[PDB]
Amino acid sequence: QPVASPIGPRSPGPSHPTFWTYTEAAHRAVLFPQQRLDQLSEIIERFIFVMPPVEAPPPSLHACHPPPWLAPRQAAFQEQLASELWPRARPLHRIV
Amino acid sequence: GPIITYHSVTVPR
Amino acid sequence: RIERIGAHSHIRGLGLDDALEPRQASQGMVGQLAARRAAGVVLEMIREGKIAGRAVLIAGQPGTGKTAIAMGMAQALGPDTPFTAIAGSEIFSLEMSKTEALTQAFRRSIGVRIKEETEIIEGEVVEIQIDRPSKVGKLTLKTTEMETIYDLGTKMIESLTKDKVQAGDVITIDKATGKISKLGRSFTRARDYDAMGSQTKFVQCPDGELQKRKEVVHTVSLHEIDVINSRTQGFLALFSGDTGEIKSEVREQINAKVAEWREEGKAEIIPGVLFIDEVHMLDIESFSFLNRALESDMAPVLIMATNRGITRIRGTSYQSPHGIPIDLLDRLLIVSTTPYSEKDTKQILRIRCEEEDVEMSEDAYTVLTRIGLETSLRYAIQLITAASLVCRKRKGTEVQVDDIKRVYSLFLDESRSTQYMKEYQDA
Amino acid sequence: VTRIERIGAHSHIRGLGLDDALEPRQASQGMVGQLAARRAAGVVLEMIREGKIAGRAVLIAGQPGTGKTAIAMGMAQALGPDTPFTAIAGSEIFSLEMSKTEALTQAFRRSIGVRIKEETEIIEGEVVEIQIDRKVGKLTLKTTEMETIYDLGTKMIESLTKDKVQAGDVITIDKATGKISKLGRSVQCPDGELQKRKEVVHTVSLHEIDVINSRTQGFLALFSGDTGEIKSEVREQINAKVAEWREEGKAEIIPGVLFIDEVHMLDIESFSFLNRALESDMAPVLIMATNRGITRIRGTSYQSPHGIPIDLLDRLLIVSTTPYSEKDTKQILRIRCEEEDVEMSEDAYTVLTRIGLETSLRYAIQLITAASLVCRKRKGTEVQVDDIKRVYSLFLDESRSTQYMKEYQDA
Amino acid sequence: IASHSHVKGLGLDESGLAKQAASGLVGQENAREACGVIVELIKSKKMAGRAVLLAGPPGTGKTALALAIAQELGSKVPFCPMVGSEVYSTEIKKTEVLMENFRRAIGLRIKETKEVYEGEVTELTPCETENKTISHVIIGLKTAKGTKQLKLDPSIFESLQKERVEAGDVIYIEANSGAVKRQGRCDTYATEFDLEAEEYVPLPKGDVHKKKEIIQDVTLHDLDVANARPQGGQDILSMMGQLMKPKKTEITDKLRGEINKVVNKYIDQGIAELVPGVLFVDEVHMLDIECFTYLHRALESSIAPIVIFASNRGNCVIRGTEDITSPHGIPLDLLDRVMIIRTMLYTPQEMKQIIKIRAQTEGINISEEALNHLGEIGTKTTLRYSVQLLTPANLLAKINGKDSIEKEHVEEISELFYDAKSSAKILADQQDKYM
Amino acid sequence: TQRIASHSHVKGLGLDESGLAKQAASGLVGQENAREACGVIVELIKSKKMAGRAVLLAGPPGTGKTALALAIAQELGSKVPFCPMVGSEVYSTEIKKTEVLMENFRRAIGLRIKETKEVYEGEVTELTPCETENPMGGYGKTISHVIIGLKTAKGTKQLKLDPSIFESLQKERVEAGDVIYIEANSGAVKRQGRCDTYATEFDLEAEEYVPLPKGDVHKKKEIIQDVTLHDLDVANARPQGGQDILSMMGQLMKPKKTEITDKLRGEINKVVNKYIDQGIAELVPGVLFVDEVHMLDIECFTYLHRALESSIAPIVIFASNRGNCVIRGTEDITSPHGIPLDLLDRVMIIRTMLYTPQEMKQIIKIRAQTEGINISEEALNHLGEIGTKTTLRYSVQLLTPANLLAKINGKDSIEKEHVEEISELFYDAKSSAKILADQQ
Amino acid sequence: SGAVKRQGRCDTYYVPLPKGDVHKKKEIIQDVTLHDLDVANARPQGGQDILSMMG
Amino acid sequence: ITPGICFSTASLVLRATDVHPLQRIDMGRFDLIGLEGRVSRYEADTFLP
Ligand SMILES: Nc1ncnc2c1ncn2[C@@H]1O[C@H](COP(=O)(O)OP(=O)(O)O)[C@@H](O)[C@H]1O
Ligand SMILES: Nc1ncnc2c1ncn2[C@@H]1O[C@H](COP(=O)(O)OP(=O)(O)O)[C@@H](O)[C@H]1O
Ligand SMILES: Nc1ncnc2c1ncn2[C@@H]1O[C@H](COP(=O)(O)OP(=O)(O)O)[C@@H](O)[C@H]1O
Ligand SMILES: Nc1ncnc2c1ncn2[C@@H]1O[C@H](COP(=O)(O)OP(=O)(O)O)[C@@H](O)[C@H]1O
């Protein structure tokens, strides 16, 4: 998955080159978004203060006489998205 | 029952 | 450690006195007394910093030390004061407008410094006892003056275990937030090596008091503030320059809140400098926006380098001096840099060859000053490095006149290149 | 006190002042003079109401400021609601998210309405009591004339528990979907029957239909997320399905109006696209205005009348407007003063008419309010000639500011 | 703070007549007494789409009067300053930028009541039920005044879980928006340990549940953006961060529709009041013919606010057309829909008083001789240059040790810093040496 | 083996130790005055200091410019970074030109990093404790170390680890008889899986089955990576992290690919300077080759001679084939080489001379030797003759089709008739232009 | 294909009860364009993974 | 927080205009994009034949 990144891919062990061909000192040179949030947490607490002038509830409901099979699919889709991605959005809760 | 204790002493430096 | 010596690495600051009187060849700069004195006056007004949005235009011949004076001002201004260097062609972006790029460049040289008095605890951990049944334990912190004990709480133990701090370790604990930071290993941090250990970098234990109250400072630019406040992606400052902050409450709110902070004494201001090199690249729209962007109270000072003279303005067919419309030229204070004389060119070459560690003979200096007075000072300067290599190749000690002559015959300047372009040369 | 819509340059225009036989009155419904163009616009308005003919374009030309946009606003106000009238400036098509041709066809589709009718049983009454047994529950609804119990399904009882379970809320229950909407703490309670069968009529445009049926969460018509609708399946299939709704008792199409103001901004590409967009059966009727004479078409050096190519000018009808005289100018100024809260004397009206005939008409219309506010400063009641002169001196105009340029500025 | 810190009003008498020297302005009596009519028209809240054009050479106080109009209007109305170059956006339509500027140039003050739950939480029990997800959550909020057990939504429970709260801490809850903050653990638990990674906050006072009213102010553009790029909650709409995330390219269907409908519904029921402001568009001469033409309908619309353009050119070629010229670089089509206001070119006497005012505003003790020499400097150069020379003279005086600016200080400053015309002459003399 | 390119014959500048040029060494013939000129900048590059320099190889089209410009890279060796980029690669649709230029600038700069790590491997045999008295009140005896037996193809050895490592083992959930990897500097433990010596007969559990752990149970070997600064730039700009939804946006093409100076200065440069002063990485300043630089516009040139003055930039080698031409991006501004005078006065110029009949003949001989063609002495002379009329490119391109015609006519060496027939079957620029002018 | 679609609940408890042969068998001679085939393969249609974000 | 959610009041018959069970073709026999990540080369080239 890492094609040209300076950090090596997952290596099952030292039995082949991809383990001995990459350095941890270079791996430390790249900071993931998690480490970026960690190091910016000191200023995120004090410099994020912009409140939006107006806040809107969920984008838009739909007044309709719709086919009964419409809302169930959208509900299932939203539930799947909430079960998949929402757990990953925990770090951004601080900025939110 | 399963009380664990993690310790780290400074032996005499 | 290894950051090579660029073209402007020889100047360490304006060679001025306490009364802003430029010296002949002090602090790297040579000659150019009038322009250096003007640079010093504007630098003093900068270090004062109670007037915002002032523009200066350093015009002059090519290769007379305009960018040199700019780098000298930057160095004399040093850190703790934003100095943003930008070429006129850098604002022509594809994902953001020219006016937005100029607003970014301005707000990037305005610093906001929050000073906080968060107290901490600094000492060398002696023991970290903890019993899991919520787990509870104790810690023994030692400094060269005293020792103390602390009862560790649940989240305290959690953070200590996550950071994996052990005995003999020197650490700092932010009591307000509980943030742990291990600074190193004390001599006691010796693990009684009998296993797979590969670290023995010891350091003296912390001195002074156990629970001291030190002062922290967080300095971030208005640019960073609005960037991190734009959207939930608070990493665009490093992630990528994808931007376009609407001028809605976001920026106006940054400004209003920084005003309240300055009023209440949280963080007041630290103005900055924007060195626009080759400003003739800016468009008529850029100039028209700057006209009023210089009028904002959050506007840092700007210094624009100019080589052009009476030439058309980019984006139109209006002939104007400096390639800038008089509309913007009126706000500026113009400083003209004069060409260097023989003794000024010679001294510049001497300082440059002494900075790049190349010993030239007395006749080498003479022939190089001749070449630099007949041709460009930049060509004369670039000749030094090339001439030193032939000397090193022949195992010499100091560059002679024959090496400089060989290099002159080997490499061509623009004039001799043009005079050699006698054929079609695929015009 | 003050609403969003306030007094404007065309607020006095309430519609076309025509008779039953499309004959314009001297001064009626805020429209003065311009008899020829007004009766020529009444004809296109009538055949628009008819709608049997598709793809008609009527251009209006003349001297700048001769009620060119006033006639269009009057046509809009006469057509009234329930009939789309999309007014767009010649620049609104130049966009970055959509091509110019795409924006023009988007406006063409917005200028076409589709009428649909349906019946739905709606409830409206005051909540009395609620019960939920963790799931099914019961509800008690009340109106000023009757009360009733209901055994609610899981979703309904959940939607009601979402609110304050105790009495007080006056809710509405769309039995089709069941979306609850509490009007307030029982705003008074409703009268008549609790549940009534209501007729619902909707005039949904073809562009809205496309945006709805183009994507999941398709209703991107609130932020212009309709980037390049796929004509291959979306628009062709929508046209077919609208033709199927037609002639079956389901729906009927209501052709709208498209007012392209300052069409000289459009380019040869937009004109070439119109050449065929005005030939489709779903093509709406449009009107267009222009202030330039024989000028260059944007895109090439071709000098054409109205800045519109000949192959398209032959595809439309042209109506010329005559310059206003003293009578028409004075009457227009009087109508403007009646629309506003200002009142002028007869000599003041005469002086303002002379000033609006010397330089231009809009100048006097603008000086009206300035003279009113200046007379209100000296603690007067009526706008006088001295106040109008004070204003004529304070505020300059095009022709008197272009002549004061005896001192050179930037260029 | 310079270049606008001296102007704080038009300085007009009770009769609307321009005073000789007051409110930081001198001269320009006609222009100021005319802009008085403009400020009165804006405060009347009766008209819409009116436009003014402050026309004059560079440095004749047109922008000064533009900001004085805002200072007179006060901070209660939205004053939107804009540069003509801002229309050239790379993310939204050129006309979209202008229409959203017009929309934000209009204000709206609205009084709203909002409820809040707060107090030291005693316990948080999630009432479970089979669907098999959590049904409700009972939270026991204690306060110095009282205590209440309250049932909240699973969404609020999930927000608390994100906050990583525990029983016995202090939380601030809001039912309107749904956001919950963790103020820290109750001060009564600070004695539990010697040190903890916990913020401590005392027991909240007052009632556990409290409704408070706030008179906020927002522009129509604020509602437009809130409805175009919605964030809300209760959903996973956070995908906004990757959906498109440019400037939303708003659409008329909802700009002129739902928003106007809902704001009129709020206004006609005594909840909100319309507060039309001012749209000051400085440097209007670099606007494209497309923008100039859209300005026709913008000003002829019944909702556009009072606009104020600034003209600095006499007669040049119009932008976007490349072949046609008109006065002020604006087409005669738009120039006929504006009320032009001259900005007279300043005389030596007025320029001297302007320099004096600027010096006294920049905290500078300039002597009379230096002031009078600046008179000659300004009569030979531009007013802006002569006034800019002030501060360097103060720095040079501080360096020399004098408590006031003398002739020699301003002479040195003028000799060090050249002017536009002097630099142009130097360039003309060195023509074939500046490239 | 690989394809034979147009410059596969050049291997070096062929210069004497005293700095003089040889006759035909390293595949390059003649061109002494320019080969020495560029050998000087080769030594400049070797001298890692004195950076921020630019040299412009100017001359008629195709004389020796690209040949010697990329032979500079062969003289320098693959060790130092040499980034080539034609002037047409600056125009991009997702990122700005001044940003492509900055990327290429600090992409040509290399940074090699060394690191030594100890590694363990071997099928574990058994784990046991090291009991000891209670450090505190008599609640029970404690453990000081854990003995673990690791067996490899060489031998079986016992090792002592700390209780923290045993807790890591417990939370890793390995058992006795599996393959583990251990490190002392870091302390992390990796579970490779079951060994092949215990291979199953049927079981389908796929875990990248670990073969017999050949080698010692403890092995130390130095890793030496070659990472560039642009690699760090792109990695910190779009990190390929884990479940950090900010990173989960990898499903997008992600336009708006520009960097930021704040980061570029405060984040990436500090970590490199620290490594350099600590002794973990050695900076390898490099070369940035820009052929057809005349394609750049006025904005690109203005940014180029602002970046070249930076103390961090690498050494640049521009190439120019044009004469007195108009500068692209401007309406009508004629300057030498299509490059503005302001940039020309900042770079050293090297005129690539034109070749004579004998020199072109030697070049044709070298190209035929490189392409494996057995050209005869008569065909070589005829090629020289017909190449003195036209350019060298056309003269030397008539070697593959001539050899094909020879092989088809049953030959093993290009004869005179073969090249005579190919010269009539194909034409050159001037011959084609003559027919074009004769025709309408 | 197995594309089960829930029309709603029967009117006896809403949509009327279908009135015909439960086993609907008929030939669809509907025409399609050659560009619809490319449009259908340009983007994948499905879900159950992060691919759902592609909709 | 604007309580007036601008819910779309569009008509009812337009919620789904493309759904037609007996008036659509089996595009499944032309689905090539769905094969790349589910079907194997050995499946179609060697096994099925
Ligand atoms: N007064 C001076 N003292 C020392 N070096 C100078 C001086 N003026 C110019 N130089 C040198 O000349 C070289 C090129 O001149 P530069 O400062 O770039 O002028 P310009 O910006 O007009 O080209 C620089 O490397 C600089 O070090
Ligand atoms: N016949 C008329 N009756 C009433 N008002 C008019 C009439 N003709 C023009 N006006 C008013 O005078 C002004 C003329 O400007 P307008 O005709 O809109 O210019 P243009 O149409 O060229 O943009 C408008 O504000 C319009 O309201
Ligand atoms: N009436 C005035 N009184 C005092 N200072 C003035 C006056 N008019 C102009 N100035 C000064 O002139 C400077 C430039 O004027 P400005 O308003 O920019 O003119 P313009 O808007 O035509 O460019 C301002 O900084 C201001 O200090
Ligand atoms: N001195 C030389 N020795 C051998 N071959 C040469 C020499 N000079 C040029 N050539 C050949 O000429 C061909 C074209 O040269 P090139 O680098 O493309 O110059 P340009 O780019 O100006 O056309 C190359 O393939 C190279 O093999």
# chains A, B, ... in the order shown; residues from 1 in each chain; ligands from 1
$ residues_around --residues "residue 1 of chain B" --least-positions-apart "3" --cutoff "12 Å" --atoms "only C-alpha atoms" --output "list in words"
residues 4 of chain B; 132 and 133 of chain C
$ residues_near_ligand --ligand "ligand 2" --cutoff "8 Å" --atoms "only C-alpha atoms and all ligand atoms" --output "mmCIF file with C-alpha atoms, in the first residue's frame"
data_model
loop_
_atom_site.group_PDB
_atom_site.id
_atom_site.type_symbol
_atom_site.label_atom_id
_atom_site.label_comp_id
_atom_site.auth_asym_id
_atom_site.auth_seq_id
_atom_site.Cartn_x
_atom_site.Cartn_y
_atom_site.Cartn_z
ATOM 1 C CA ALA D 9 -36.735 50.900 -8.605
ATOM 2 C CA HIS D 10 -39.669 48.785 -9.854
ATOM 3 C CA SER D 11 -41.817 48.414 -6.717
ATOM 4 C CA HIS D 12 -44.407 50.792 -8.191
ATOM 5 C CA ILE D 13 -44.977 48.345 -11.071
ATOM 6 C CA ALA D 27 -51.369 55.668 -16.836
ATOM 7 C CA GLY D 30 -47.992 52.121 -12.156
ATOM 8 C CA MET D 31 -47.130 51.939 -15.882
ATOM 9 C CA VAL D 32 -47.086 55.228 -17.803
ATOM 10 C CA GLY D 33 -47.049 55.714 -21.561
ATOM 11 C CA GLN D 34 -45.095 53.233 -23.662
ATOM 12 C CA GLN D 63 -33.111 54.103 -25.746
ATOM 13 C CA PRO D 64 -31.483 53.172 -22.412
ATOM 14 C CA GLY D 65 -33.836 53.384 -19.457
ATOM 15 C CA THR D 66 -37.108 53.532 -21.421
ATOM 16 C CA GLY D 67 -39.000 51.218 -19.096
ATOM 17 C CA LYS D 68 -37.265 48.260 -20.735
ATOM 18 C CA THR D 69 -37.099 46.281 -17.486
ATOM 19 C CA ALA D 70 -40.287 47.932 -16.209
ATOM 20 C CA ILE D 71 -42.285 46.242 -18.975
ATOM 21 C CA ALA D 289 -33.738 43.444 -23.385
ATOM 22 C CA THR D 290 -30.713 45.309 -24.706
ATOM 23 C CA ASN D 291 -29.246 48.793 -24.348
ATOM 24 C CA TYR D 324 -40.463 59.581 -22.855
ATOM 25 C CA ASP D 328 -44.695 60.814 -19.317
ATOM 26 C CA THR D 329 -41.658 61.795 -17.239
ATOM 27 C CA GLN D 331 -46.359 61.222 -14.473
ATOM 28 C CA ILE D 332 -43.678 58.599 -13.787
ATOM 29 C CA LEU D 333 -42.127 60.872 -11.160
ATOM 30 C CA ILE D 335 -46.151 57.636 -9.465
ATOM 31 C CA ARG D 336 -42.729 57.191 -7.858
ATOM 32 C CA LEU D 361 -34.898 59.895 -16.290
ATOM 33 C CA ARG D 362 -33.292 57.721 -13.594
ATOM 34 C CA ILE D 365 -36.130 59.182 -9.748
ATOM 35 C CA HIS E 296 -28.087 46.586 -12.948
ATOM 36 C CA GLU E 300 -32.990 47.303 -9.387
ATOM 37 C CA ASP E 333 -25.420 51.665 -18.067
#
$ residues_near_ligand --ligand "ligand 4" --cutoff "6 Å" --atoms "only C-alpha atoms and all ligand atoms" --output "PyMOL selection string"
chain F and resi 6-7+28-31+60-67+363+393
$ residues_around --residues "segment 373-388 of chain F" --least-positions-apart "5" --cutoff "7 Å" --atoms "only C-alpha atoms" --output "PyMOL selection string"
chain F and resi 357+360-361+368+395+403+412-416+419
$ select_by_dssp --residues "segment 54-254 of chain D" --states "alpha helix (DSSP H)" --output "MDAnalysis selection string"
chainID D and resid 68:79 100:110 154:161 206:214 236:245
$ write_last_selection --atoms "C-alpha atoms" --output "compact mmCIF listing (two decimals), in the first residue's frame"
# COMPACT_ATOMS: atom_id res chain seq x y z
CA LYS D 68 -37.26 48.26 -20.74
CA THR D 69 -37.10 46.28 -17.49
CA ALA D 70 -40.29 47.93 -16.21
CA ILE D 71 -42.29 46.24 -18.97
CA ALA D 72 -40.80 42.87 -18.00
CA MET D 73 -41.57 43.36 -14.30
CA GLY D 74 -45.11 44.38 -15.27
CA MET D 75 -45.49 41.24 -17.36
CA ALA D 76 -44.28 39.21 -14.38
CA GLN D 77 -46.70 40.91 -11.97
CA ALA D 78 -49.59 40.40 -14.41
CA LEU D 79 -48.78 36.73 -14.93
CA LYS D 100 -22.62 28.46 -19.93
CA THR D 101 -24.74 26.16 -22.10
CA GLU D 102 -25.58 24.03 -19.05
CA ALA D 103 -26.63 27.11 -17.07
CA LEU D 104 -28.77 28.32 -19.98
CA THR D 105 -30.55 24.97 -20.32
CA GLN D 106 -30.94 24.93 -16.53
CA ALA D 107 -32.74 28.28 -16.73
CA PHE D 108 -34.83 27.00 -19.65
CA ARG D 109 -35.93 24.01 -17.56
CA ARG D 110 -36.60 26.18 -14.49
CA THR D 154 -44.18 2.03 17.15
CA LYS D 155 -42.89 4.86 14.95
CA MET D 156 -45.78 7.19 15.81
CA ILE D 157 -45.55 6.62 19.56
CA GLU D 158 -41.78 7.13 19.37
CA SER D 159 -42.19 10.39 17.44
CA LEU D 160 -44.67 11.58 20.06
CA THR D 161 -42.47 10.53 23.00
CA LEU D 206 -38.52 20.23 -14.74
CA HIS D 207 -35.21 21.36 -13.26
CA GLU D 208 -36.45 20.48 -9.77
CA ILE D 209 -37.63 17.10 -11.07
CA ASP D 210 -34.19 16.47 -12.58
CA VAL D 211 -32.38 17.46 -9.39
CA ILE D 212 -34.69 15.24 -7.33
CA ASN D 213 -34.35 12.18 -9.58
CA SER D 214 -30.65 12.59 -10.45
CA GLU D 236 -34.51 12.44 -21.60
CA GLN D 237 -36.18 9.96 -19.25
CA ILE D 238 -37.72 12.82 -17.27
CA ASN D 239 -39.13 14.30 -20.48
CA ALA D 240 -40.59 10.92 -21.45
CA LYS D 241 -42.08 10.43 -17.98
CA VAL D 242 -43.60 13.92 -17.99
CA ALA D 243 -45.13 13.20 -21.39
CA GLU D 244 -46.51 9.99 -19.84
CA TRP D 245 -47.97 11.80 -16.83
$ residues_around --residues "residue 77 of chain C" --least-positions-apart "3" --cutoff "10 Å" --atoms "only C-alpha atoms" --output "JSON, numbers by chain"
{"C": [13, 14, 43, 44, 46, 47, 71, 72, 73, 74, 80, 81, 82, 83, 272, 273]}
$ residues_near_ligand --ligand "ligand 1" --cutoff "8 Å" --atoms "only C-alpha atoms and all ligand atoms" --output "tab-separated table (two decimals) with N, CA and C atoms, in the first residue's frame"
chain	number	residue	atom	x	y	z
C	7	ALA	N	23.40	32.71	-1.61
C	7	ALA	CA	23.88	33.99	-2.13
C	7	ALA	C	23.83	35.08	-1.08
C	8	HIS	N	22.83	35.03	-0.19
C	8	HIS	CA	22.64	36.04	0.83
C	8	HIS	C	23.05	35.57	2.22
C	9	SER	N	23.84	34.50	2.32
C	9	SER	CA	24.24	33.98	3.62
C	9	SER	C	25.38	34.77	4.25
C	10	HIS	N	25.93	35.76	3.54
C	10	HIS	CA	27.08	36.49	4.08
C	10	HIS	C	26.65	37.65	4.97
C	11	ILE	N	25.48	38.23	4.72
C	11	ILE	CA	25.00	39.34	5.53
C	11	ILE	C	24.30	38.79	6.78
C	25	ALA	N	31.62	48.69	6.22
C	25	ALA	CA	31.62	47.26	5.92
C	25	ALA	C	31.38	46.41	7.16
C	28	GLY	N	28.60	42.36	7.55
C	28	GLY	CA	28.37	41.76	6.26
C	28	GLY	C	28.05	42.73	5.14
C	29	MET	N	27.26	43.77	5.41
C	29	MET	CA	26.87	44.70	4.36
C	29	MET	C	28.00	45.67	4.05
C	30	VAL	N	28.05	46.11	2.80
C	30	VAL	CA	29.10	47.01	2.33
C	30	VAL	C	28.46	48.13	1.52
C	31	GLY	N	28.95	49.35	1.74
C	31	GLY	CA	28.46	50.52	1.03
C	31	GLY	C	26.96	50.64	1.11
C	32	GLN	N	26.40	51.42	0.18
C	32	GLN	CA	24.95	51.64	0.11
C	32	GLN	C	24.44	52.31	1.38
C	60	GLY	N	15.96	49.84	-7.61
C	60	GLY	CA	17.35	50.00	-7.98
C	60	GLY	C	17.74	49.11	-9.14
C	61	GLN	N	18.98	49.31	-9.58
C	61	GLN	CA	19.59	48.57	-10.68
C	61	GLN	C	19.65	47.09	-10.32
C	62	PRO	N	19.81	46.19	-11.30
C	62	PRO	CA	19.95	44.77	-10.97
C	62	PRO	C	21.29	44.45	-10.33
C	63	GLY	N	21.26	43.73	-9.21
C	63	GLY	CA	22.49	43.38	-8.52
C	63	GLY	C	23.16	44.52	-7.80
C	64	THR	N	22.41	45.32	-7.04
C	64	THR	CA	22.98	46.41	-6.26
C	64	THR	C	22.71	46.25	-4.77
C	65	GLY	N	22.16	45.11	-4.35
C	65	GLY	CA	21.97	44.82	-2.95
C	65	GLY	C	20.59	45.08	-2.39
C	66	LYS	N	19.55	45.02	-3.22
C	66	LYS	CA	18.19	45.20	-2.70
C	66	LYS	C	17.75	43.99	-1.89
C	67	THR	N	17.80	42.80	-2.50
C	67	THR	CA	17.53	41.59	-1.74
C	67	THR	C	18.54	41.42	-0.60
C	68	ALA	N	19.75	41.95	-0.79
C	68	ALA	CA	20.73	41.91	0.29
C	68	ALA	C	20.27	42.74	1.48
C	69	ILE	N	19.78	43.96	1.23
C	69	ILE	CA	19.26	44.79	2.31
C	69	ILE	C	18.05	44.13	2.95
C	307	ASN	N	13.26	46.18	-9.77
C	307	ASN	CA	14.28	46.35	-10.80
C	307	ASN	C	13.74	47.14	-11.99
C	337	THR	N	18.52	52.33	-4.50
C	337	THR	CA	19.85	51.79	-4.26
C	337	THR	C	20.78	52.15	-5.42
C	340	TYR	N	27.39	50.12	-7.03
C	340	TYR	CA	28.60	50.08	-6.23
C	340	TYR	C	29.80	50.55	-7.05
C	344	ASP	N	33.78	49.54	-3.59
C	344	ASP	CA	32.64	48.84	-3.01
C	344	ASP	C	32.50	47.44	-3.59
C	345	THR	N	32.64	47.32	-4.91
C	345	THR	CA	32.64	46.00	-5.54
C	345	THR	C	33.78	45.15	-5.01
C	347	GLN	N	35.30	45.35	-2.08
C	347	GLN	CA	35.05	44.95	-0.70
C	347	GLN	C	33.95	43.89	-0.62
C	348	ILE	N	32.93	44.00	-1.47
C	348	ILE	CA	31.89	42.98	-1.51
C	348	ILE	C	32.48	41.64	-1.94
C	349	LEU	N	33.31	41.65	-2.98
C	349	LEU	CA	33.96	40.42	-3.41
C	349	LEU	C	34.84	39.84	-2.31
C	351	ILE	N	34.51	40.22	1.02
C	351	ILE	CA	33.67	39.64	2.07
C	351	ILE	C	33.06	38.33	1.60
C	352	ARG	N	32.64	38.26	0.33
C	352	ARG	CA	32.03	37.04	-0.18
C	352	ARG	C	33.03	35.89	-0.23
C	377	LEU	N	28.30	42.31	-11.04
C	377	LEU	CA	28.84	41.92	-9.75
C	377	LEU	C	28.45	40.48	-9.41
C	378	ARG	N	27.27	40.05	-9.85
C	378	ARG	CA	26.86	38.67	-9.62
C	378	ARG	C	27.76	37.70	-10.36
C	381	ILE	N	31.02	37.54	-8.53
C	381	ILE	CA	30.90	36.74	-7.32
C	381	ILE	C	30.90	35.26	-7.66
$ residues_around --residues "residue 15 of chain A" --least-positions-apart "2" --cutoff "9 Å" --atoms "only C-alpha atoms" --output "ChimeraX atom specification"
/A:11-13,17-20 /F:210-211,213-214
$ write_last_selection --atoms "C-alpha atoms" --output "mmCIF file, in the first residue's frame"
data_model
loop_
_atom_site.group_PDB
_atom_site.id
_atom_site.type_symbol
_atom_site.label_atom_id
_atom_site.label_comp_id
_atom_site.auth_asym_id
_atom_site.auth_seq_id
_atom_site.Cartn_x
_atom_site.Cartn_y
_atom_site.Cartn_z
ATOM 1 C CA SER A 11 6.721 -6.586 7.061
ATOM 2 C CA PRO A 12 5.905 -10.044 8.486
ATOM 3 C CA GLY A 13 9.445 -10.124 9.861
ATOM 4 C CA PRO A 17 14.368 -7.037 2.581
ATOM 5 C CA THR A 18 11.353 -4.787 3.224
ATOM 6 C CA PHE A 19 12.097 -4.997 6.967
ATOM 7 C CA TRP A 20 15.831 -4.195 6.802
ATOM 8 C CA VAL F 210 7.228 -18.452 8.985
ATOM 9 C CA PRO F 211 9.939 -20.779 7.605
ATOM 10 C CA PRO F 213 14.345 -19.050 11.349
ATOM 11 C CA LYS F 214 17.680 -19.328 9.558
#
